[PDB]
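Quick setup: one chain, the form deposited in one PDB entry, written in structure tokens, and binding and motion questions come after.
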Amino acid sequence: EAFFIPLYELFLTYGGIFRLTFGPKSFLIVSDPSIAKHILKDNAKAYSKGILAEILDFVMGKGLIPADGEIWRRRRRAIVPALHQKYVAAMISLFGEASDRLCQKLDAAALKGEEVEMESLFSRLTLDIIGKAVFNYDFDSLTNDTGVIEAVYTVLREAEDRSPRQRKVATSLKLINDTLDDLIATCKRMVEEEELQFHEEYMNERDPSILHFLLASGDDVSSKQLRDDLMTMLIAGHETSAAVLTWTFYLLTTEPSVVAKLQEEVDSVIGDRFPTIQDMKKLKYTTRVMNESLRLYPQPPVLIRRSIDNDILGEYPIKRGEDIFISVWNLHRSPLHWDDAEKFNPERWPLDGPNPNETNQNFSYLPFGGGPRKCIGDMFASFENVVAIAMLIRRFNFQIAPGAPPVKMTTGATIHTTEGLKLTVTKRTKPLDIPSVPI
């Protein structure tokens, strides 16, 4: 049962900052956007990632997420350049390819009248995408189970359990790290033999991965640090989007009028096409659907910090050493800052107006965090999810399956369901329809 739920009712009663105590230990729970902005942006230098490092160190090492200080600064500067406009445009092709692979599975299911458990399918889709995008590996988890795949999920579950088995985890970590080593070696040879001058918009068309960019850049790093950086991006970009897609499709089942409006846009703008970078700005309603899904189901629902200096939060002075949970769930669903906060309403932000972000929503909306530690994959993931949503909604009607297990939420790094999202899937286009390509 999700720990952030009781925090919502406590926020309603006790306000935007309170101290949650468990005997001799306590946590400050922050649900006020002004206080959130102070911690995440205005006075970020007074904060570390705190217990987040303790939870994640065993798998991410000194990757970007749990890092602080000079290690953080140096690696952020090295990695962000890889996610340039040319790279993101190339990844859109990957997003379409992988989404189409999922569509093929859904199509087979639909023809047989089989119900599908979409959370697991989305988890596989997003794993396949992130492995290829980050380090040029094809997990093909949409198609098969492998030892490497099982290792990733094992390490995942263990990370969240900290949010026999110890040996299983150790073995899984070894297998992933050994796989990353092989990939790094292969990429090194490829860079050695290639004939491309490195620059700000560098990418090898045959291997557009972030790993390849890092190696071609002349990245001054240890093998340990590189593996940790890769592992970190793998975790960061996998279950996050898996949950975004899962919750988006859950939400679509709750509002047929939204589905109708989404179908109208997809049919009109892309039809059967793989989306391109140009379609990203035209898929306005699809983007709003995603925006609204992230508002209702943030990933993660809580951001973690610890004070390393004195500060003032709201009216309250604090010392160093305070463990702080910023409740993104509360910020996103705050009755004071959102009209009909529990309603799934993609048009709560004007369709043709600017896309919502932490700046224009003044820290009441933080889908990708904020300030210096904001997600580096915000554009990547926003586009990834728009592609997957659009291609699936073009091809299929989805409904909650009769007798499906109830949809409920769990604790964890991301908001998982308790038992999956079991849906019926039916085709919207005919097998013998000619592919339709709108321009």
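Throughout, we count residues from 1 along the sequence that is shown. Each form is matched to the other, and the largest set of C-alpha atoms that superpose within 1.5 Å is called the rigid core. Shifts are known only where both forms have a C-alpha.
FYI, the form deposited in another entry isn't displayed, but the following is about it.
Undergrad: Which residue moves between this form and the one not shown, judged by a Cα shift of 2 Å or more on the rigid core: 60, 381, 39, 389?
TA: With the rigid core fitted, the residue that moves is 60.
Undergrad: For residue 426, does the CA position differ by 2 Å or more between this form and the one not shown when the superposition is done on the rigid core?
TA: No, its C-alpha moves less than 2 Å.
Undergrad: On a rigid core superposition, would residue 69 pass a 2 Å threshold for CA movement between this form and the one not shown?
TA: Comparing the forms between this form and the one not shown, which are aligned on their rigid core, residue 69 does shift its C-alpha by 2 Å or more.
Undergrad: With a shift of at least 3 angstroms, figure out whether the C-alpha spacing between residue 261 and residue 432 grows or shrinks in the other form: closer or farther?
TA: It is closer: in the other form, the C-alpha atoms of residue 261 and residue 432 lie at least 3 Å nearer than they do here.
Undergrad: Given that the shift is 3 Å or more, do the Cα atoms of residue 270 and residue 432 end up closer or farther apart in the other form than in this form?
TA: Residues converge in the other form, at least 3 Å closer.
Undergrad: Using only residues present in both forms, find each stretch of at least 3 consecutive residues where all Cα shifts reach 2 Å or more between this form and the one not shown, with the core as the superposition reference, and list them in order along the sequence.
TA: Runs found: 58-69, 164-168, 429-439, listed by sequence.
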